[PDB]
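The structure under discussion appears below in the form of structure tokens.
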Amino acid sequence: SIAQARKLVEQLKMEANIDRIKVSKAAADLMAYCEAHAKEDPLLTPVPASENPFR
Amino acid sequence: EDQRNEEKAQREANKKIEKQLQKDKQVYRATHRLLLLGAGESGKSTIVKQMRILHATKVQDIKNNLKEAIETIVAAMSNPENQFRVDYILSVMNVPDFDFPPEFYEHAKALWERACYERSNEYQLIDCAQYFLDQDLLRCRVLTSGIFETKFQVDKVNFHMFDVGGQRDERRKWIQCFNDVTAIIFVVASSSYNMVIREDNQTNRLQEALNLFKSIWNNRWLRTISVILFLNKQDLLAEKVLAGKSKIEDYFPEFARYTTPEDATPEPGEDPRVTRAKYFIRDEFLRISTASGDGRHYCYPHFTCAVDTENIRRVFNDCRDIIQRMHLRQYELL
Amino acid sequence: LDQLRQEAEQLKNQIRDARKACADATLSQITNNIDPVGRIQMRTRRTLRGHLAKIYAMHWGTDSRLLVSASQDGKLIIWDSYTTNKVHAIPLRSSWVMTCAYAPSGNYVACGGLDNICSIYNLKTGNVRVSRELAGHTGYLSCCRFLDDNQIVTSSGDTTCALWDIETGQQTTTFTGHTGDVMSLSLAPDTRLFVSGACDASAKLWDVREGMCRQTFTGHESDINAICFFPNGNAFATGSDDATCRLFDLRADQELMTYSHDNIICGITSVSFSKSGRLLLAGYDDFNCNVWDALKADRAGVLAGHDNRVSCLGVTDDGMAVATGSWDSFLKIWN
Amino acid sequence: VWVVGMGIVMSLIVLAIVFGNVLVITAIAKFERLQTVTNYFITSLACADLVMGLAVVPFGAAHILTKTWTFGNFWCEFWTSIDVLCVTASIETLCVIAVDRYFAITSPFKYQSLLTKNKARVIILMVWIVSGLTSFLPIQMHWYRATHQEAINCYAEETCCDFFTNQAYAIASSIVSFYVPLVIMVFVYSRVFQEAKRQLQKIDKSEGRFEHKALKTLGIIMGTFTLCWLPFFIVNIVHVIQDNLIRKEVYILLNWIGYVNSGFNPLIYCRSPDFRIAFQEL
Ligand SMILES: Nc1nc2c(ncn2[C@@H]2O[C@H](COP(=O)(O)OP(=O)(O)OP(=O)(O)O)[C@@H](O)[C@H]2O)c(=O)[nH]1
Ligand SMILES: CN[C@@H]1CCc2c(ccc(O)c2O)[C@H]1O
Ligand SMILES: [Mg+2]
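Residue numbers (the deposited numbering), protein chains in the order written: chain G, 8 to 62; chain A, 10 to 64, 89 to 112, 122 to 155, 160 to 180, 195 to 394; chain B, 4 to 128, 131 to 340; chain R, 31 to 240, 268 to 339.
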């Protein structure tokens, strides 16, 4: 039943050897995405009442 | 125009649908729901079977339980007649396919001809085995996942009692769902003061039941639901108390200072000893109940034997009180 | 057996050291110069009535016009937001329901709960009827999501997640690795990866085709009740029971930011994002909902129109309205 | 001085009644949680009390302060009729509330099925119709008018009008308005108290070894209403059976004492924590 223990130590090995990137690059990518797509956000900028389906 | 036609059909459907829910709303408010919480090997499923009395595949299953019982007792022996049968039992100890053959079935009676059954505390087995080795439908034990629901009607009211089953249930999270239940029917074992739990040292099985009761009693969600308590397995308690072995004072040292209550309705013809124990078990249970609750909680103890005693009226009689106290408290008349 | 434990300690410390060597700076410092969003206030537009008991699930449709809700009354009602009209009331064999779904094609609706069995119905046949009954499983289900008309992914409380097959009614593949009850999941936009939040205070990143885990985040401190995804597809927000919400990153393999407040001592039941991933709406157990900021941790509005706890939340695919269900058997639409 | 000052004192009372019943009426409708089967009767009672305070109190105060009524004879006949209606309908609502509470307490299983929204609406409509039949029809038709020299002089004179009634109408109105619901409420509350005492005895027997609330609540509910209304209806028969023992001063004083029951009712009833929370919110 130590074999169940054996399975656990193999998985960690795979997850250890993966490529990583800096936090700053991910933050910049999120910044770019939000800045680009903030225009088409009805919750952020309210739409006119003449074009509001629920009103 | 065409649009006006489009609107008309939908309005009728909302009208048709809304009519149907009105009829079903009355039925929903006329049903009182009870939750059958308990502990393992406490006889809770026996109560449900007796409740299906209001309102042959299993026979193949009963043999499988018998096979499990023989294997557990034989394995327990390690802790000369038919030694080969004993070897054969070891040979047949774990066959995952079905085990139809007569020679093992014949051999099994012979092997029994031993004292392992007497040392029940040392190992873990099934209670039903002694009857099987030597009602029948309720005697067998089966572990199944899922909710068993029984609807029974009495005196122009409808009661829907359901039991939830978890083989390895712990740190239960589905208990949050049951907030509107009328009452919780808690079932305990009164003959488990001298047995271990799962063969792990654990503690006295009852100490596990009391610890479970404390968690149920003190909970944020179950802060307004009353509890009905059943002390199952009364017949086995009398036999053990009469027997010299398994002294009660050894496992629970607090019994020595305990004395009999001033108030008692000892059953007819009961020795001042069997009875004494009975109350202790109960009080131990109530002590937690009186500590908290603040008038929104109450415990109704009972002494029942699941095999013989009829208990349909007790639930109905007490359920009328639970609703009555709730209405009295709401109107401040209480 | 004890020798293998030595490798675990060395391997575990390797990941922590590697992660700590990639944290160049905090997220807040980078976005410190960004102008604040301001104050966001929204009011109820429609109120939906007809349920006899509390509600645990809700899921919008692809057309962003229809939605489905489930309750303990044994009903599975499909509403219409524009006109407030009920279209179908489906009776249920079991009165206990904990989840519901809505296929993208708009033809099938799924359900499940304490019965350990997932059920599938057929809206467009005209009588609603059961189509399949996926029953090989154990433990209460928590969530169900639709990939296509033939695939469905379910998670339950037996520490497993499986991918089913409607046509054959058998598990194509199974996922294992959790040590506690699994409580929530949702799919990626491309329907290739999905996560699962368990009760062991950890989240995992599975792979549907491969069938193996890829990453594990253990930044929380208690049970997890809900989880969402960023619209970009490279981040996901988790809301645990410790009155906190955290945002992770797949590429960075770190916890980027934490949302918490000293005046809140209640757990989170559901979280969701906005159309552009700017406002992180999150439900709460203290009878109202709070609107957070995904990058500033500044509250910008509170929705307190409910008389009980909130158990579900969702956002239309067009980003036009927010629907919140509660335990008082009432739905609401905010805009 | 005192006469002018006393009128200002009565002005404060009128303001409290109008505002007190308005708060209960608005809060019940605004919040869906406060809506229930038993709250329809409370809403009806609040509406009746508000109508009383808005209609009969200011005009009665003006009639007391200024010697001669100014609107006219027909209008003061209308005032008397609406006063009778508002007084009669208020009392019978409390009897309905007591009966509903007795049904809830004594028979719990069938309470949910017995009472419904349609049944409550029918009962309220029937009660209001019965109250209207006794009030408008005899008063407006001049059947109650008595024949006496002072009475006929007052009736013919349009300068002012005062209350003079026939023996039969006085007896019937007093009985139907007060005496019939009183014994019903007394029996109801006695049975409720007996049930509560039995339940408390059961609780004491079950887990006693290890009843001020009922008495206080019943004392408030019964004694306030009785002390407010009983003397007026015990002198109503008296001044008609016998020969002019009481003067109009004590009569009008007892009537004005009976008036303040409408103001006291919002404080006595609907004291639950939910009502307090709703009031705090709004
Ligand atoms: N002496 C005695 N034994 C009882 C009584 N009620 C039940 N039992 C025993 O307990 C059995 C009931 O089944 P259990 O083994 O408790 O299992 P279950 O009822 O399925 O309950 P769980 O194990 O909790 O699922 C019966 O077959 C008897 O062996 C009783 O009143 N007296
Ligand atoms: C002077 N105003 C009236 C006169 C008689 C009367 C009143 C109230 C209730 C009744 O049943 C009555 O008969 C008084 O409010
Ligand atoms: Mg079971």
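Every residue, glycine too, gets a C-beta built ideally from N, C-alpha and C.
| Distance, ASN119(B) Cα to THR123(R) Cα | In the fourth sequence, counting from the first residue as 1, residue 123(R) sits at position 93. In the third sequence, counting from the first residue as 1, residue 119(B) sits at position 116. A direct Cα-to-Cα measurement between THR123(R) and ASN119(B) gives close to 53 Å.
| query | Quick one: is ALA12(G) near chain B, going by C-beta distance under 7 Å? | reply | Within the first sequence, numbered from 1, the residue matching residue 12(G) stands at position 5. So, interface residue.
| request: Indicate whether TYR318(A) and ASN264(A) have their beta-carbon atoms separated by less than 7 Å. | output: As a first step, residue 318(A) is located in the second sequence; it is residue number 258 there, counting from the start. As a first step, residue 264(A) is located in the second sequence; it is residue number 204 there, counting from the start. The Cβ-Cβ distance between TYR318(A) and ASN264(A) does not fall below 7 Å.
| said: Following a CB-centred definition, is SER54(A) positioned closer than 6 Å to any heavy atom of ligand 1? | reply: In the second sequence, counting from the first residue as 1, residue 54(A) sits at position 45. Set against 6 Å, the gap from the CB of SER54(A) to the closest heavy atom of ligand 1 is smaller.
| Beta carbon of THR284(A) nearer than 7 Å to that of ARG356(A) | By one-based count along the second sequence, residue 284(A) stands at place 224. By one-based count along the second sequence, residue 356(A) stands at place 296. In this structure, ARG356(A) lies closer than 7 Å to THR284(A) by Cβ.
| task | Measuring only between beta-carbons, confirm whether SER57(G) sits less than 7 Å from chain B. | result | Counted from its first residue, the first sequence places residue 57(G) at position 50. Closer than 7 Å: no.
| request: Could you have a look at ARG283(A) and say whether DSSP puts it in helix, strand or coil? | output: The sequence position of residue 283(A) within the second sequence is 223, counting from 1. In this structure, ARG283(A) counts as coil in the three-state DSSP scheme.
| field | Lining residues of ligand 2 - beta-carbon closer than 5 Å to any non-hydrogen atom, in sequence order | value | For ligand 2, the selected residues are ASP113(R), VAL117(R), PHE193(R), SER203(R), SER207(R).
| task | From the DSSP output, read off the bridge partner residues of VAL296(B). | result | Locating residue 296(B) in the third sequence gives position 291, counting from the first residue. According to DSSP, which records beta bridges pairwise, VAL296(B) is partnered with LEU286(B).
| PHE212(A): which of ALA89(A), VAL367(A), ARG61(A), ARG232(A) sits nearest, CA to CA? | Working through the second sequence from its first residue, we reach residue 212(A) at position 152. Nearest C-alpha to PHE212(A): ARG61(A).
| said: Can you determine whether any heavy atom of ligand 3 sits closer than 6 Å to the C-beta of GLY41(B), and answer yes or no? | reply: Start at 1 with the first residue of the third sequence, and residue 41(B) comes out as number 38. It does not: the Cβ of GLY41(B) is nowhere closer than 6 Å to a heavy atom of ligand 3.
| said: Can you look up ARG131(R) in the DSSP assignment and give me helix, strand or coil? | reply: In the fourth sequence, the residue the question calls residue 131(R) occupies position 101. Shown here, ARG131(R) sits in a helix according to DSSP, grouped into three states.
| Proximal chain A residues relative to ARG63(R), where beta-carbon distance stays under 9 Å | The residue labelled residue 63(R) in the question sits at position 33 within the fourth sequence. Those do not exist, as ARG63(R) stays about 14 Å from chain A at its closest Cβ, beyond 9 Å.
| task | Could you check what DSSP says for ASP381(A) in three-state terms: helix, strand or coil? | result | Against the second sequence, residue 381(A) aligns to sequence position 321. Helix at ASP381(A).
| request: Measure the C-alpha to C-alpha separation of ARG38(A) and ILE372(A) and round it to an integer number of angstroms. | output: The residue given as residue 38(A) occupies position 29 in the second sequence. The residue given as residue 372(A) occupies position 312 in the second sequence. Taking the straight line joining both Cα atoms gives about 21 Å.
| query | Taking the beta strand (DSSP E) that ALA59(R) falls in, what are its first and last residues? | reply | The residue you call residue 59(R) lines up with position 29 of the fourth sequence. Looking at the DSSP string, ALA59(R) is not in any beta strand (DSSP E); the run it does join, the alpha helix (DSSP H), is 32–60.
| Contact list for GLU338(R) against chain A, beta-carbon separation under 9 Å | For the purposes of this step, residue 338(R) is identified with residue 281 of the fourth sequence, where counting begins at 1. Ordered by position in chain A, no residue passes the 9 Å Cβ test against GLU338(R), which lies about 21 Å from the chain.
| query | Taking the C-alpha atoms as reference points, what is the distance between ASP246(B) and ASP205(B)? | reply | The residue labelled residue 246(B) in the question sits at position 241 within the third sequence. The residue labelled residue 205(B) in the question sits at position 200 within the third sequence. Going by C-alpha positions, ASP246(B) is about 11 Å away from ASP205(B).
| message | Quick check: is the beta carbon of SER8(G) nearer than 7 Å to any beta carbon in chain B? | response | For the purposes of this step, residue 8(G) is identified with residue 1 of the first sequence, where counting begins at 1. Cβ-Cβ to chain B under 7 Å: no for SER8(G).
| said: Using the three-state DSSP reduction, which class does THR73(R) fall into: helix, strand or coil? | reply: Taking the fourth sequence and counting its residues from 1, the one referred to as residue 73(R) is at position 43. Under the three-state reduction of DSSP, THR73(R) is assigned to helix.
| said: Is residue 130(B) close to chain A? Criterion is C-beta to C-beta, closer than 7 Å. | reply: Inspection of chain B shows residue 128 followed directly by residue 131; residue 130(B) is thus not represented.
| field | Backbone CA spacing between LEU192(B) and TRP281(A) [nearest angstrom] | value | One-based indexing of the third sequence puts residue 192(B) at position 187. One-based indexing of the second sequence puts residue 281(A) at position 221. So the two alpha carbons sit approximately 32 Å from each other.
| request: Spell out whether any CB of chain B is found under 7 Å from the CB atom of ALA45(G). | output: Translated into positions along the first sequence, residue 45(G) becomes position 38. Answer yes: the Cβ-Cβ gap between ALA45(G) and chain B drops below 7 Å somewhere.
| Is it true that the segment 29–47 of chain G meets the segment 23–34 of chain B, where meeting means three or more beta-carbon pairs spaced less than 8 Å apart? | Verdict: yes, contact present.
| query | Is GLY324(B) near ligand 3, with its Cβ less than 6 Å from a heavy atom? | reply | Walking along the third sequence from the start, residue 324(B) turns up at place 319. In terms of side-chain proximity, the C-beta atom of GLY324(B) is found no nearer than 6 Å to any non-hydrogen atom of ligand 3.
| said: Is there a C-beta anywhere in chain B that falls below 7 Å from the one on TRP281(A)? | reply: Translated into the one-based positions of the second sequence, residue 281(A) becomes position 221. Judged by the 7 Å Cβ criterion, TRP281(A) is not in contact with chain B.
| message | Taking 7 Å as the threshold (beta carbon to beta carbon), is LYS15(B) in contact with chain A? | response | As a first step, residue 15(B) is located in the third sequence; it is residue number 12 there, counting from the start. So, not an interface residue.
| request: For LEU198(A), collect the residues of the same chain with a Cβ closer than 6 Å to its Cβ; drop the 5 residues on either side in sequence, then sort them by chain order. | output: Counting from one through the second sequence, the residue named residue 198(A) turns up at place 138. Here the set comprises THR55, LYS58.
| said: Tell me which residue opens and which closes the alpha helix (DSSP H) that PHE222(A) is part of. | reply: Taking the second sequence and counting its residues from 1, the one referred to as residue 222(A) is at position 162. In the DSSP assignment, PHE222(A) falls outside any alpha helix (DSSP H) and within the unbroken beta strand (DSSP E) covering 217–223.
| Rounded separation between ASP33(A) and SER143(R) - CA only | The sequence position of residue 33(A) within the second sequence is 24, counting from 1. The sequence position of residue 143(R) within the fourth sequence is 113, counting from 1. Between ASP33(A) and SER143(R), the C-alpha separation is close to 13 Å.
| task | Over the uninterrupted beta strand (DSSP E) stretch that includes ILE9(G), give me the two end residues. | result | For the purposes of this step, residue 9(G) is identified with residue 2 of the first sequence, where counting begins at 1. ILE9(G) -> not in any beta strand (DSSP E); alpha helix (DSSP H) instead, spanning 9–23.
| Could you give the residue range of the alpha helix (DSSP H) that holds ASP258(B)? | Numbered from its first residue, the third sequence carries residue 258(B) at position 253. Looking at the DSSP string, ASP258(B) is not in any alpha helix (DSSP H), and its letter there is neither H nor E.
| Within 9 Å of chain B by C-beta, residues of the segment 233–261 of chain A in sequence order | Listed by position, the residues of the segment 233–261 of chain A near chain B (Cβ gap below 9 Å) are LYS233, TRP234, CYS237, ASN239, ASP240.
| query | So, using beta-carbon positions, are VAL224(A) and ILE245(A) closer together than 7 Å? | reply | Start at 1 with the first residue of the second sequence, and residue 224(A) comes out as number 164. Start at 1 with the first residue of the second sequence, and residue 245(A) comes out as number 185. Not closer than 7 Å, so no.
| query | Closest Cβ-Cβ distance between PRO323(R) and chain A: below 7 Å? | reply | Numbered from 1 along the fourth sequence, position 266 holds the residue referred to as residue 323(R). At a cut-off of 7 Å, the C-beta of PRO323(R) has no neighbouring C-beta in chain A.
| query | Cβ of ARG127(A) versus every heavy atom of ligand 1: is any distance shorter than 6 Å? | reply | The residue you call residue 127(A) lines up with position 85 of the second sequence. In this structure, ligand 1 has no non-hydrogen atom nearer than 6 Å to the beta-carbon of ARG127(A).
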